[PDB]
$ cat start_5.csv   # CSV, C-alpha atoms and all ligand atoms
chain,number,residue,atom,x,y,z
A,1,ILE,CA,-95.9,-46.3,-10.6
A,2,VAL,CA,-97.3,-49.9,-10.4
A,3,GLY,CA,-96.7,-51.8,-7.2
A,4,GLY,CA,-94.9,-49.0,-5.4
A,5,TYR,CA,-95.6,-47.1,-2.2
A,6,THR,CA,-96.6,-43.7,-1.2
A,7,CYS,CA,-93.3,-41.7,-1.0
A,8,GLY,CA,-94.4,-39.2,1.6
A,9,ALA,CA,-94.7,-35.4,1.2
A,10,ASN,CA,-91.5,-33.8,-0.2
A,11,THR,CA,-89.3,-36.9,0.5
A,12,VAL,CA,-88.2,-36.8,-3.1
A,13,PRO,CA,-87.2,-33.1,-3.2
A,14,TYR,CA,-85.7,-33.2,-6.8
A,15,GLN,CA,-89.0,-34.6,-8.3
A,16,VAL,CA,-90.9,-32.1,-10.4
A,17,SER,CA,-94.2,-32.2,-12.2
A,18,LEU,CA,-94.4,-30.8,-15.7
A,19,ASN,CA,-97.8,-29.1,-16.0
A,20,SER,CA,-99.6,-27.7,-19.1
A,21,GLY,CA,-103.0,-27.4,-17.5
A,22,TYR,CA,-102.5,-30.9,-16.0
A,23,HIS,CA,-99.6,-33.1,-15.0
A,24,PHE,CA,-98.2,-34.8,-18.1
A,25,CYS,CA,-94.6,-35.9,-17.2
A,26,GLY,CA,-92.0,-35.9,-14.4
A,27,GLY,CA,-88.6,-34.3,-14.3
A,28,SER,CA,-85.6,-33.9,-12.0
A,29,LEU,CA,-84.2,-30.6,-10.7
A,30,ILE,CA,-80.4,-30.6,-11.4
A,31,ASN,CA,-79.8,-27.0,-10.3
A,32,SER,CA,-81.8,-24.0,-9.3
A,33,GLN,CA,-82.8,-23.2,-12.9
A,34,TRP,CA,-82.6,-26.5,-14.9
A,35,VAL,CA,-84.7,-29.6,-15.0
A,36,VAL,CA,-83.9,-32.8,-16.9
A,37,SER,CA,-86.8,-34.9,-18.4
A,38,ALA,CA,-87.5,-37.1,-21.3
A,39,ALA,CA,-87.5,-35.7,-24.9
A,40,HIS,CA,-90.8,-37.5,-25.6
A,41,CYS,CA,-92.2,-35.2,-22.9
A,42,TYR,CA,-91.5,-32.1,-25.1
A,43,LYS,CA,-94.1,-29.5,-25.5
A,44,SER,CA,-94.4,-25.7,-25.5
A,45,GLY,CA,-96.0,-23.9,-22.6
A,46,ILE,CA,-94.5,-25.9,-19.8
A,47,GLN,CA,-94.9,-24.9,-16.2
A,48,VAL,CA,-92.5,-26.7,-13.8
A,49,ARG,CA,-94.1,-27.5,-10.4
A,50,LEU,CA,-91.6,-28.0,-7.6
A,51,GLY,CA,-92.3,-29.0,-4.0
A,52,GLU,CA,-95.3,-31.1,-5.0
A,53,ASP,CA,-96.9,-34.0,-3.2
A,54,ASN,CA,-100.6,-33.9,-3.9
A,55,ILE,CA,-100.6,-32.4,-7.4
A,56,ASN,CA,-104.4,-31.6,-7.0
A,57,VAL,CA,-104.1,-29.7,-3.7
A,58,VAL,CA,-102.1,-26.6,-2.7
A,59,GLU,CA,-100.3,-27.9,0.4
A,60,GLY,CA,-97.8,-25.1,1.0
A,61,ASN,CA,-94.4,-26.1,-0.4
A,62,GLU,CA,-95.1,-25.6,-4.1
A,63,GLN,CA,-93.1,-23.5,-6.5
A,64,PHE,CA,-94.7,-22.9,-9.9
A,65,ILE,CA,-92.2,-21.6,-12.4
A,66,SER,CA,-92.8,-21.4,-16.1
A,67,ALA,CA,-90.1,-22.7,-18.6
A,68,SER,CA,-88.1,-20.2,-20.5
A,69,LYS,CA,-86.6,-22.7,-22.9
A,70,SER,CA,-86.7,-26.4,-23.6
A,71,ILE,CA,-83.8,-28.2,-25.3
A,72,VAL,CA,-84.4,-31.7,-26.8
A,73,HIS,CA,-81.2,-33.7,-27.3
A,74,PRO,CA,-79.9,-33.1,-30.8
A,75,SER,CA,-79.9,-36.8,-31.6
A,76,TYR,CA,-83.4,-37.6,-30.2
A,77,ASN,CA,-85.2,-40.2,-32.3
A,78,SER,CA,-88.8,-40.4,-31.3
A,79,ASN,CA,-89.3,-43.6,-33.3
A,80,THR,CA,-86.7,-45.6,-31.4
A,81,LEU,CA,-86.7,-43.3,-28.3
A,82,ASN,CA,-82.9,-43.3,-28.6
A,83,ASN,CA,-81.5,-40.2,-26.7
A,84,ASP,CA,-84.8,-39.7,-24.9
A,85,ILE,CA,-83.6,-36.7,-22.8
A,86,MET,CA,-84.3,-33.0,-22.7
A,87,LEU,CA,-83.4,-30.0,-20.6
A,88,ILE,CA,-85.9,-27.4,-19.4
A,89,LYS,CA,-84.7,-24.0,-18.1
A,90,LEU,CA,-86.8,-22.1,-15.5
A,91,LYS,CA,-87.7,-18.5,-16.0
A,92,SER,CA,-86.5,-17.8,-12.5
A,93,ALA,CA,-84.4,-19.8,-10.1
A,94,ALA,CA,-86.1,-22.2,-7.7
A,95,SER,CA,-85.6,-21.5,-4.0
A,96,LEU,CA,-83.7,-24.5,-2.6
A,97,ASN,CA,-84.2,-26.0,0.9
A,98,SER,CA,-84.8,-29.5,2.2
A,99,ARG,CA,-88.1,-30.0,0.5
A,100,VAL,CA,-86.9,-28.5,-2.9
A,101,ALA,CA,-83.4,-29.7,-3.8
A,102,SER,CA,-81.3,-30.5,-6.9
A,103,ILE,CA,-80.1,-34.1,-7.5
A,104,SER,CA,-76.5,-34.7,-8.3
A,105,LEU,CA,-75.5,-35.9,-11.8
A,106,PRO,CA,-73.5,-39.2,-11.9
A,107,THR,CA,-69.8,-39.5,-11.8
A,108,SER,CA,-70.0,-43.0,-13.3
A,109,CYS,CA,-72.6,-45.3,-14.8
A,110,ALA,CA,-74.3,-47.5,-12.1
A,111,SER,CA,-74.0,-51.2,-12.4
A,112,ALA,CA,-76.6,-53.9,-12.8
A,113,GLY,CA,-77.9,-55.0,-9.4
A,114,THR,CA,-77.8,-51.5,-7.9
A,115,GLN,CA,-81.0,-50.6,-6.2
A,116,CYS,CA,-82.6,-47.3,-7.3
A,117,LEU,CA,-85.6,-45.1,-6.3
A,118,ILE,CA,-88.1,-44.5,-9.1
A,119,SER,CA,-90.9,-42.0,-8.5
A,120,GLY,CA,-93.8,-40.3,-10.3
A,121,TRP,CA,-97.5,-39.5,-10.5
A,122,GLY,CA,-98.2,-42.0,-13.3
A,123,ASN,CA,-100.7,-44.8,-13.6
A,124,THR,CA,-100.7,-47.3,-10.7
A,125,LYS,CA,-102.4,-50.1,-12.6
A,126,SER,CA,-101.1,-52.5,-15.3
A,127,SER,CA,-104.6,-53.5,-16.4
A,128,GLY,CA,-106.7,-50.3,-16.3
A,129,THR,CA,-106.0,-46.8,-15.2
A,130,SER,CA,-105.8,-45.0,-11.8
A,131,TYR,CA,-103.7,-42.0,-11.2
A,132,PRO,CA,-102.7,-41.4,-7.6
A,133,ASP,CA,-102.5,-37.6,-6.9
A,134,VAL,CA,-99.7,-38.0,-4.4
A,135,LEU,CA,-96.2,-39.0,-5.3
A,136,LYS,CA,-95.5,-42.8,-5.6
A,137,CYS,CA,-92.1,-44.5,-5.1
A,138,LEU,CA,-90.5,-47.8,-6.2
A,139,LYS,CA,-87.2,-49.3,-5.2
A,140,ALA,CA,-85.9,-51.4,-8.1
A,141,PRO,CA,-82.6,-52.8,-9.3
A,142,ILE,CA,-80.9,-52.0,-12.5
A,143,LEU,CA,-81.0,-55.1,-14.8
A,144,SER,CA,-78.1,-56.5,-16.8
A,145,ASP,CA,-77.6,-55.4,-20.4
A,146,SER,CA,-78.2,-59.0,-21.5
A,147,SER,CA,-81.5,-59.4,-19.6
A,148,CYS,CA,-82.6,-56.1,-21.0
A,149,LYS,CA,-81.8,-57.0,-24.6
A,150,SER,CA,-83.3,-60.4,-24.2
A,151,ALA,CA,-86.6,-58.8,-23.0
A,152,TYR,CA,-86.6,-56.3,-25.9
A,153,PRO,CA,-84.6,-57.7,-28.8
A,154,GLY,CA,-83.6,-55.1,-31.4
A,155,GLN,CA,-84.6,-52.1,-29.3
A,156,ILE,CA,-82.1,-51.4,-26.5
A,157,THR,CA,-79.3,-48.9,-27.4
A,158,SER,CA,-76.2,-48.0,-25.5
A,159,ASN,CA,-78.2,-45.0,-24.2
A,160,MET,CA,-80.8,-47.2,-22.5
A,161,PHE,CA,-81.0,-49.5,-19.5
A,162,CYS,CA,-83.6,-51.7,-17.9
A,163,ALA,CA,-84.6,-51.6,-14.3
A,164,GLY,CA,-87.3,-53.4,-12.4
A,165,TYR,CA,-88.5,-57.0,-12.1
A,166,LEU,CA,-88.7,-59.6,-14.8
A,167,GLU,CA,-91.5,-61.3,-12.9
A,168,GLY,CA,-93.6,-58.1,-13.4
A,169,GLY,CA,-95.9,-56.5,-10.8
A,170,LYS,CA,-93.7,-53.5,-10.0
A,171,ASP,CA,-92.8,-50.9,-12.6
A,172,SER,CA,-93.1,-47.3,-13.7
A,173,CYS,CA,-95.9,-46.5,-16.1
A,174,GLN,CA,-97.7,-43.9,-18.2
A,175,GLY,CA,-97.4,-40.4,-16.6
A,176,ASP,CA,-94.1,-41.3,-14.8
A,177,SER,CA,-92.2,-40.5,-18.1
A,178,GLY,CA,-89.4,-37.9,-17.7
A,179,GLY,CA,-89.0,-38.6,-13.9
A,180,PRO,CA,-86.0,-39.8,-11.9
A,181,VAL,CA,-84.2,-43.0,-11.3
A,182,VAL,CA,-81.8,-42.2,-8.5
A,183,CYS,CA,-79.2,-44.6,-7.3
A,184,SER,CA,-76.7,-43.9,-4.4
A,185,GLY,CA,-77.7,-40.3,-4.5
A,186,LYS,CA,-77.1,-39.7,-8.2
A,187,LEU,CA,-79.5,-39.4,-11.1
A,188,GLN,CA,-78.8,-42.5,-13.2
A,189,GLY,CA,-82.0,-42.7,-15.3
A,190,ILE,CA,-85.0,-41.0,-16.8
A,191,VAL,CA,-88.3,-42.9,-17.1
A,192,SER,CA,-88.5,-43.5,-20.9
A,193,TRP,CA,-90.6,-46.5,-22.1
A,194,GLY,CA,-91.7,-50.1,-21.7
A,195,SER,CA,-94.2,-52.5,-23.1
A,196,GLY,CA,-97.3,-51.9,-21.0
A,197,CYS,CA,-96.5,-51.6,-17.3
A,198,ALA,CA,-95.4,-54.3,-14.8
A,199,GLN,CA,-95.8,-57.1,-17.4
A,200,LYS,CA,-93.8,-60.3,-17.1
A,201,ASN,CA,-90.4,-60.1,-18.9
A,202,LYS,CA,-91.1,-56.4,-19.9
A,203,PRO,CA,-89.2,-54.3,-17.4
A,204,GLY,CA,-88.9,-50.5,-17.5
A,205,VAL,CA,-86.5,-48.9,-20.0
A,206,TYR,CA,-84.6,-45.8,-18.8
A,207,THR,CA,-82.5,-43.2,-20.5
A,208,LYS,CA,-78.8,-43.7,-19.4
A,209,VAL,CA,-78.0,-40.3,-17.8
A,210,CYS,CA,-74.3,-41.0,-17.4
A,211,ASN,CA,-73.9,-40.9,-21.1
A,212,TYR,CA,-75.2,-37.3,-21.2
A,213,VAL,CA,-73.3,-35.5,-18.3
A,214,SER,CA,-71.0,-33.7,-20.8
A,215,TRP,CA,-73.9,-32.5,-22.9
A,216,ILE,CA,-75.9,-31.5,-19.9
A,217,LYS,CA,-73.0,-29.5,-18.4
A,218,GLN,CA,-72.0,-27.8,-21.6
A,219,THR,CA,-75.6,-27.0,-22.5
A,220,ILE,CA,-76.2,-25.5,-19.0
A,221,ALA,CA,-72.9,-23.5,-19.3
A,222,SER,CA,-74.0,-21.8,-22.5
A,223,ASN,CA,-77.7,-21.3,-22.2
B,301,CA,CA,-99.8,-29.6,-4.4
$ encode --input "start_5.csv" --output "C-alpha cells"
Amino acid sequence: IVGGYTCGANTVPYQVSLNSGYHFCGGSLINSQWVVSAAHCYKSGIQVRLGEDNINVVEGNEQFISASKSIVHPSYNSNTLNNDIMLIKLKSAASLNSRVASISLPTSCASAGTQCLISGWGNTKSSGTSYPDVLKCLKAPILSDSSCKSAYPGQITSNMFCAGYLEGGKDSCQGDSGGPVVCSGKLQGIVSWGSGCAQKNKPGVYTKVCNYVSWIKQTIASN
C-alpha cells in the first residue's frame, strides 16, 4: 500500500497472508475454511496465516493453517488477468472471533464513488521498495468504468474495476495482490494489477467479486 496508513493490529480480521516461506500475497477469509485471493497468486505449498499484524513477529493471535486445495477460476487468463480470482481451502477450519472473522460476499456490485478499504503487506513506495511488516490500509473510491477504460485502453474487462486516485500518490502495490477491497462491509474487489503503483492516471485495477458470487458459492458447496 502506497500512501496509506497503519491499520492497527487485527482491525481487518478477514485479511490473511499467504505464506510459502515468506509472505507473497494477501487473501480474504470468506468462511471458516475458505479464502479468496487472486489467481495470479497461485502456487503449491501455501500456508494461510490468519490473525496477523506484524508478519515477522509472533504476537499472539495468529492461526497458521496449510491449504488443502487451491482452485483457480476456470477462465483465468494470466496474460490479460481476466478472471483473476482463486479459492483456497484450509486443511482445518479457522477459529473465528473478533480478531479473525470472515467477510461477507456482496449482494450487488458496488457503484463508482463508493469508498472502500484496501489493505495489505505490499510495497509502500512507488519509486523504490520498502515492505512494512505491519498491515497497511487505504481508503479509496471506486472509479467509473469510463475513467478506468480511459486510463487503461484495451485492457479493462467486465470482470475488472478501478479504484483509487487519478492524481496518484495513494494505491495498492506489489505484495498486496490477492487482498481485499471492502465496501460497506462486503468484499467487492481483489487486488489484481496496475501500471506501477500510485502513478498519475494509473489507478489500481481490481477483480470484480460480485461477478463471481455464484461460482464461489457453488464451488464451496461441492469441494
Ligand atoms: Ca505475526
$ residues_near_ligand --input "start_5.csv" --ligand "ligand CA 301 (chain B)" --cutoff "7 Å" --atoms "only C-alpha atoms and all ligand atoms" --output "list in words"
residues 52, 53, 54, 55, 56, 57, 58, 59 and 62 of chain A
$ closest_atom_pairs --input "start_5.csv" --of "region 58-93 of chain A" --to "region 31-45 of chain A" --cutoff "7 Å" --atoms "all atoms listed in the file" --output "tab-separated table"
residue	atom	partner	partner_atom	distance
A:72	CA	A:39	CA	5.4
A:76	CA	A:39	CA	7.0
A:78	CA	A:40	CA	6.7
A:84	CA	A:39	CA	4.8
A:85	CA	A:38	CA	4.2
A:86	CA	A:39	CA	4.7
A:87	CA	A:36	CA	4.7
A:88	CA	A:35	CA	5.1
A:89	CA	A:34	CA	4.6
A:90	CA	A:33	CA	4.9
A:92	CA	A:33	CA	6.6
A:93	CA	A:33	CA	4.7
$ residues_around --input "start_5.csv" --residues "region 173-183 of chain A" --least-positions-apart "4" --cutoff "6 Å" --atoms "all atoms listed in the file" --output "compact mmCIF listing (two decimals) with C-alpha atoms, in the coordinates of the input"
# COMPACT_ATOMS: atom_id res chain seq x y z
CA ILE A 1 -95.90 -46.30 -10.60
CA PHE A 24 -98.20 -34.80 -18.10
CA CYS A 25 -94.60 -35.90 -17.20
CA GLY A 26 -92.00 -35.90 -14.40
CA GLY A 27 -88.60 -34.30 -14.30
CA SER A 28 -85.60 -33.90 -12.00
CA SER A 37 -86.80 -34.90 -18.40
CA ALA A 38 -87.50 -37.10 -21.30
CA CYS A 116 -82.60 -47.30 -7.30
CA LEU A 117 -85.60 -45.10 -6.30
CA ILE A 118 -88.10 -44.50 -9.10
CA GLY A 120 -93.80 -40.30 -10.30
CA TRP A 121 -97.50 -39.50 -10.50
CA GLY A 122 -98.20 -42.00 -13.30
CA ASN A 123 -100.70 -44.80 -13.60
CA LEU A 187 -79.50 -39.40 -11.10
CA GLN A 188 -78.80 -42.50 -13.20
CA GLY A 189 -82.00 -42.70 -15.30
CA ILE A 190 -85.00 -41.00 -16.80
CA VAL A 191 -88.30 -42.90 -17.10
CA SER A 192 -88.50 -43.50 -20.90
CA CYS A 197 -96.50 -51.60 -17.30
$ closest_residue --input "start_5.csv" --among "A:64, A:14, A:161, A:215" --to "residue 186 (chain A)" --atoms "all atoms listed in the file"
A:14
$ atom_distance --input "start_5.csv" --atom1 "CA of residue 151 (chain A)" --atom2 "CA of residue 125 (chain A)"
20.8 Å
$ atom_distance --input "start_5.csv" --atom1 "CA of residue 119 (chain A)" --atom2 "CA of residue 138 (chain A)"
6.3 Å
$ closest_residue --input "start_5.csv" --among "A:141, A:204, A:8, A:13" --to "residue 100 (chain A)" --atoms "all atoms listed in the file"
A:13
